[PDB]
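# Results of the structural survey
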Amino acid sequence: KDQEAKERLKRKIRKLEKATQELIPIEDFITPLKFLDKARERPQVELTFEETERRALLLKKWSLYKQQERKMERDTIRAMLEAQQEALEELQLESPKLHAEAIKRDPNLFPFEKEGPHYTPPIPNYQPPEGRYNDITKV
Amino acid sequence: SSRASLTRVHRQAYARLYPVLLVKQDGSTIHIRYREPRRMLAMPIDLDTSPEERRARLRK
Amino acid sequence: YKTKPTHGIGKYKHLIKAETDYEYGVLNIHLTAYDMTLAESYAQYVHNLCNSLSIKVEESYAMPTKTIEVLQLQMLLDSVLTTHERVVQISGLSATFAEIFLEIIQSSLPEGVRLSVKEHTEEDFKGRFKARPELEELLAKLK
Amino acid sequence: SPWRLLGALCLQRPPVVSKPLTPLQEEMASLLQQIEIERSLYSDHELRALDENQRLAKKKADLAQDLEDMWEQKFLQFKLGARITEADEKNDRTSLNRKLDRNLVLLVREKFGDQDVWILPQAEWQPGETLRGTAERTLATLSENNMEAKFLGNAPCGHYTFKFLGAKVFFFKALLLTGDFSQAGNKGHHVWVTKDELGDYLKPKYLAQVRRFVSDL
Amino acid sequence: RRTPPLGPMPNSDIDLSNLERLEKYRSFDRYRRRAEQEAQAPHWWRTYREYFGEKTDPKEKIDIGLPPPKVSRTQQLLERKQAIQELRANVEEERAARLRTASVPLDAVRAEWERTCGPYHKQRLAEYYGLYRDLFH
Amino acid sequence: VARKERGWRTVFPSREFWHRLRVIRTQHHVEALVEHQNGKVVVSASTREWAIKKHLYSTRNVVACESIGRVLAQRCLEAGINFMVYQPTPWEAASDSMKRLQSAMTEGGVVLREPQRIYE
RNA sequence: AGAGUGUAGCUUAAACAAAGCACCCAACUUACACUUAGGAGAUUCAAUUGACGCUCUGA
């Protein structure tokens, strides 16, 4: 009884470990079953020539804007990198050990946590109403 | 900066997602696209360690 | 032909892949936000700028979303919200380069986002698969 | 060969509110909302509204509006936070309330025997210590309050020398998580400032190299 | 047995210790372009070219003929840039392009072609048909 | 009656022709070249050329490609070329730009099919 | 204040011209990538020689 039970246990555990673990489905890549109803469909207002022209002009202007943004981003990052590397090579020339010390990593710098900006700053004295939250998830 | 915020919904068969405000416990305000055209949600608070302080906030 | 100088002209297997400090293991980047579209767009921006910087990128995937119901008990009122989570895996980022990398990411970070950056752990990798309870029951039986 | 080596910390506070959008980006956001409502699918709100309107139409021959009215009323009643405070921009330059949209950095009142200079804080390095050590040492010496600047990198951010005999300062960079303005009466006038106003403040050309180094964004 | 390579073997310039940092052929078209470029590049080993190619002498073909006029390249490029400036300044061309309804005067294009760079094309056609090799050897 | 190099069945560009059309779509301009089997060019058209680009708005659009096609058909009728071949890739052929190019050349009076060699 | 330098980001590309590469927006794609369809770019001025911009070297 003892040996048999232990062997069955261990073997079943080994089989489960060697089983191909499935992946939890993502609800974002699954269209709700209640999205295919033909009663929802909306009338499509045909677009005007002038409105479509405005759309295209806006799109191309924004493309120009974004390429300018990435140009200035390139400029900033290149300047920062070259300046950092100049400082680094100067420190290497001066102190031949502190440059290696700086090149050394540090674990406390890997785990970071930060929030994003807000539409408005926090109010000094603001309390919300009394309520509670509850998470809902499936397998 | 914040530039990649305004975007197209990179998904087919997407329902109505209307803009609404979201209020954190700290009073911070954030934009959130949500189903129905509401104007603000607010996050409450539940738990504290001080029993008498919990009772006080319940009174007030 | 072997004897002739033209030997080895066609071989390609050595061209293609076969199948301390300043050496950073595979790092993971979690991005949690209420707006799936904002999260996806930010992850796409990050992936594109990484490809531009020629920094290696193992894979990017979505963690299981989750919906939370919040109810105010002054009278009973209810509401619901959702939270989406994206994840990226990178490697090979230099020491000094990581500084400006993270700095530019923080600067271009848009509102409504919470980003974490950590070392990739088996815990994260196993938190994706279904929490199969069968193994837990068998383990308890063993105990 | 009289030399001297200094380490300095440059903390950068990120803004808490988004940038004020360009009109280009504004009309493109409006256009994106338009395209989204055009190519979007129905929601429960639209379902209930439309089918209740149809029920009313049927019952005439035989709610969503109230909810949105109540929500608009709540929105109008609610008070939002203030973005810009011109009063603080004028008389409270040593504060955060003046600008929440762009990143901030401080400046200290420094004095030297050879030349009085309005520059960024620094400190003297001694052998048994790291440059980052000197950095947080300057931080603890100047802060005198409940604020910590979280570091981001061990590498050097700036190299700047000057002679009289020779002094060489190395700048590291750091992130500010928290910050106050207690002990308001200080000798060193610590003042959070942006890049353009910093340029207006201080002259030097090693500092101009600092200007071209630091990111505008 | 083995013999040393006569010339520099292909794919030798690249490095193998570093492989993932390298940039790859993201596109069949990129690979194809590089392929034909190296194809028309000469080679020391035996190839299709020295069997089915005509083997024209290495010396250029002699011509004591009419030289081109001395056109001021600066003013020429300036006038061209002003023409295209006024073109982009025009208003209907973007609609015509994005609706795919435009055309071009064939006669004007032909005249300007035969004025500017026609003779080169005609020389090419002549040496293709072999008029030069047959007439002037 | 000429002999065309039949073979290269494993390789994509088939040498089984007499006059081939090669189109090049760069990031700036568009080139089209009618050439002989030997690799020698017969006739050319290019958006880089002034006589053609003076008119145009963009050197890369469908309008540009179809104009190049019409001009190259006119030049083929100039040089006597009326039969010729075109080796497109799948997506290259699926692209509507050179689709309209081919159509325009056909209305111009050129067929993109080479007659089968005669010999009994 | 003195030395060097100088085509859009790269190219010892330069007649028939400012070419190729790189890059950007959209679409497919989880995303990248590919592909399609669209987008902006320059040789500072006077005759290779000088004078407007750039780096370095000093206070």
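Presented here is an overview of the structure given in this document. (Residues numbered from 1 in each chain as written, not as in the entry; some residues may be left out. Chains lettered and ligands numbered in written order. Part of a larger assembly, values for the part shown. Heavy atoms only, no water.)

### Describing the layout of surface pockets
Reported here for the second largest pocket is a volume of approximately 1,500 Å³. What lines the second largest pocket is a set of 46 residues, among which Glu-27, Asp-28 and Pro-32 of chain A together with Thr-82 and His-84 of chain C lie closest to the centre. Residue assignment for the lining of the second largest pocket shows that the elements contributing at least two residues are β1 (18-23) and β2 (29-34) of chain B, α1 (36-53), β2 (56-73) and β3 (76-91) of chain C together with α2 (44-61) of chain D. Across the lining of the second largest pocket, the residue classes tally to 26 nonpolar, nine polar and 11 charged. (1 Å grid on protein atoms, 1.4 Å probe; cavity = no way out; pocket = protein on both sides within 12 Å on 5 of 7 lines; lining within 4 Å. Points joined across faces, edges and corners; volume = space filled by probe spheres on them. Helix = DSSP H or I, 4+ residues; strand = E, 2+ residues; numbered from the N terminus. Nonpolar A, V, L, I, M, F, W, Y, C, P; charged D, E, K, R; others polar.)

### Details of the sheet that holds strand β3 (residues 41-46) of chain F
In a beta sheet, neighbouring strands are held together by backbone hydrogen bonds and run either parallel or antiparallel to one another. All names here are of chain F. Pairing is mixed in the open sheet, where four strands are placed in the order β3-β2-β1-β4. Single-partner strands in this sheet number two, and they are β3 and β4 (85-86). As paired strands, strand β2 (residues 30-36) and β3 are joined by five bridges and run antiparallel to one another. Bridge assignment links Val-34 to a residue of β3, and that residue is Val-43. Where helix α2 (residues 62-78) meets the sheet, its contacts fall on β1 (19-25), β2 and β3, and the angle it forms with β2 comes to roughly 25°. (Pairing = 2+ DSSP bridges. Contact = heavy atoms within 4.5 Å. Axes fitted to C-alpha atoms, helices over the stretch in contact; angles between N-to-C directions.)

### Focus on the sheet that holds β1 of chain B
Residues and elements named next belong to chain B. Here we have three strands laid out as an open sheet, ordered β2-β1-β3, and mixed in their pairing. The strands lining the two open edges of the sheet, one partner per strand, are β2 and β3 (40-42). Averaged over neighbouring strand pairs, the angle between their axes works out to 35° when direction is ignored. For β1 and β3, the ladder comprises three bridges, and the chain directions are parallel. Paired with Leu-22 across the two strands is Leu-41, which belongs to β3.

### Focus on the interface of chain C and chain D
On the chain D side, the residues contacting the five residues of chain C number nine residues. Both faces combined, the contact of chain C with chain D buries some 620 Å², and carbon together with sulfur accounts for 61% of it. It is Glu-99, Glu-103 and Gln-106 of chain C in chain C that bury the most area against chain D; as a group they hold 73% of the surface buried on that side. The tally of links between chain C and chain D comes to zero salt bridges. For the side of chain C that touches chain D, a count of residues per class yields no nonpolar, three polar and two charged. (Buried area = accessible area lost by both parts, 1.4 Å probe. Salt bridge = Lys/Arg side-chain N within 4 Å of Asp/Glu carboxyl O.)

### Quick word on the interface of chain C and chain A
In this assembly, 54 residues from chain C lie in contact with 45 residues from chain A. Overall, the association of chain C and chain A removes approximately 4,500 Å² of surface from exposure, summing both partners, and the carbon and sulfur fraction of that is 60%. Where chain C packs against chain A, one counts four salt bridges. Here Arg-86 of chain C and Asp-28 of chain A are joined by a salt bridge, their closest N and O atoms 3.6 Å apart.

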